[PDB]
Amino acid sequence: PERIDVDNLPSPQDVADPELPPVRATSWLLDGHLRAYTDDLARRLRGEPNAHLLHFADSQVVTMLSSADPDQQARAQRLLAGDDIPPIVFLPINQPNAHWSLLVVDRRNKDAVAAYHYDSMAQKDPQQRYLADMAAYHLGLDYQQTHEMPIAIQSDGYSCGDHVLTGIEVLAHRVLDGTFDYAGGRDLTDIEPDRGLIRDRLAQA
Amino acid sequence: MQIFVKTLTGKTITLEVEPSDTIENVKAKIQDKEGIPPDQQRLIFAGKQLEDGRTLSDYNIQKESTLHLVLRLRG
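In order, the protein sequences belong to chains A and B. The opening position of the first sequence corresponds to residue 954 in the working numbering, with each subsequent residue numbered one higher. The opening position of the second sequence corresponds to residue 611 in the working numbering, with each subsequent residue numbered one higher.
#1: Can you give, in chain order, each stretch of the alpha helix (DSSP H) that sits fully within the stretch 983 to 1028 of chain A and has at least 4 residues?
#2: Taking C-alpha atoms, which residue in B:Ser630, B:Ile623, B:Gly620 lies nearest to B:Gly663?
#3: Buried or exposed, going by whether 16 or more other CB atoms sit within 10 Å of the CB of A:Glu1122?
#4: How far does the alpha helix (DSSP H) with A:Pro1079 in it extend, from its first residue to its last?
#5: Say whether chain A places a C-beta atom closer than 8 Å to the C-beta of B:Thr619.
#6: Between which two residues does the beta strand (DSSP E) containing B:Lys616 stretch?
#7: With DSSP run on the structure shown, which of helix, strand or coil describes A:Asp1059?
#8: State whether the stretch 1050 to 1063 of chain A contacts the stretch 1109 to 1121 of chain A, with contact taken as three or more CB pairs (one from each stretch) at a distance under 8 Å.
#9: Quick check: A:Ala1089 and A:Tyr1083, are their CB atoms within less than 8 Å of each other?
#10: With a threshold of 8 Å between beta-carbons, can A:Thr1119 be considered close to chain B, or not?
#11: Do we get a CB-CB distance below 8 Å when we pair residue 689 of chain B with the residues of chain A?
#12: Helix, strand or coil, according to DSSP, for A:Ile1144 in the structure here?
#13: Would A:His1008 and A:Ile1041 qualify as a contact pair, given that the criterion is a beta-carbon distance under 8 Å?
#14: List the residues of chain B whose Cβ lies closer than 9 Å to the Cβ of A:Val968, in chain order.
#15: Just checking, does the stretch 665 to 675 of chain B make contact with the stretch 1032 to 1041 of chain A on the three C-beta pairs under 8 Å criterion?
#16: Our contact map puts B:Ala656 next to A:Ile957 with C-beta atoms below 8 Å; I'd like the distance itself, whole angstroms only.
#17: So, with DSSP's three-state summary, where would you put B:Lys673?
#18: Which chain A residues sit within Cβ distance under 8 Å of B:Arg664?
#19: So what does DSSP say about A:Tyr1096, is it helix, strand or coil?
#20: Residues in the stretch 1044 to 1065 of chain A with C-beta within 8 Å of chain B's C-beta atoms, listed in sequence order?
#21: Hey, A:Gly1138 and A:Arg1127: beta-carbon distance below 8 Å or not?
#22: Looking at residue 1162 of chain A: is its Cβ nearer than 8 Å to the Cβ of A:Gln1013?
#23: Under the assumption that A:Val1015 contacts A:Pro1045 (Cβ atoms under 8 Å), give the Cβ distance between them as a whole number of angstroms.
#24: Which residues in chain B have a C-beta closer than 8 Å to the C-beta of A:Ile957? List them in chain order.
#25: Determine the closest residue to A:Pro963 out of B:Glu634, B:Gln659, B:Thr619, B:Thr617, with distance taken between C-alpha atoms.
#26: Using a 10 Å radius around the Cβ and a threshold of 16 neighbouring Cβ atoms, would you call B:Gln651 buried or exposed?
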């Protein structure tokens, strides 16, 4: 006996991590940090016009798209590419224990889907675009059509996560203003990430 | 007794553990088999995260149980 409660368990990626280390001035960002930031952002945009078009994807779900288990990758596609899923999706792309980069997919036009990849590294790694291609491939897109877009070049070896979070926040406010669609609307050449503001968001959330 | 550990990329890791084994000890076995340091491993069972200082028996984990291994991704 000694019955164990299994009534309505969360999926593994939604289980909390109470031992999640705090972020500092020079540490690399973790996936738990990225999600805490986007969970708070989605809350700050709630009720604003056009906020219903955005969806910030969990990085763990981005990796499940390439899972060898077919049930897992099907769950990821239901979470990222369904009829009730917002058409503008932000996918964090992780090179394990190395780098972070951003991939955006816009599905407003179902007969022509646009994809944008942002990589803040000075000399780009072919392996990073490869992982962005796998994500688009598993989302039913042609990876050859993904655009390699401009973003501010990191001047340290730890703020690639900051560039990802800042680009997500900056672009989201452009969807709210309607400037996302102007010429150069998806250009992030002039962003300036702020470690202190990011730490502030995580504290007061 | 043999337990199973499933990652989110579709890999199952099998282990030969004892009920008296600690959570930290199980993680070292996973390090031995896959090279992942224990500072990155998050073991999950019945939708709950396991504390390093408890035992497999404390969580009523029986033979052939399935655990989830979620990683702390960094960059």
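Just so you know, even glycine gets a beta-carbon here, dropped at the ideal spot from N, CA and C.
In short, the structure shows the following:
#1: 984 to 998, 1012 to 1017
#2: B:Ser630
#3: buried
#4: 1079 to 1091
#5: yes
#6: 612 to 617
#7: strand
#8: yes
#9: no
#10: no
#11: Only positions 611 to 685 of chain B appear in the structure, and residue 689 of chain B is not among them; the question remains open.
#12: coil
#13: yes
#14: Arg652, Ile654, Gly657, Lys658, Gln659, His678, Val680
#15: no
#16: 6 Å
#17: coil
#18: Under the 8 Å cutoff, chain A gives no residues; its nearest Cβ is about 14 Å from B:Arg664.
#19: helix
#20: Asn1047, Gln1048, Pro1049, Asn1050, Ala1051, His1052, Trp1053
#21: yes
#22: In the structure displayed, chain A extends from 954 to 1158; residue 1162 of chain A sits before or after that span and is not available.
#23: 6 Å
#24: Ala656, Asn670
#25: B:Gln659
#26: buried
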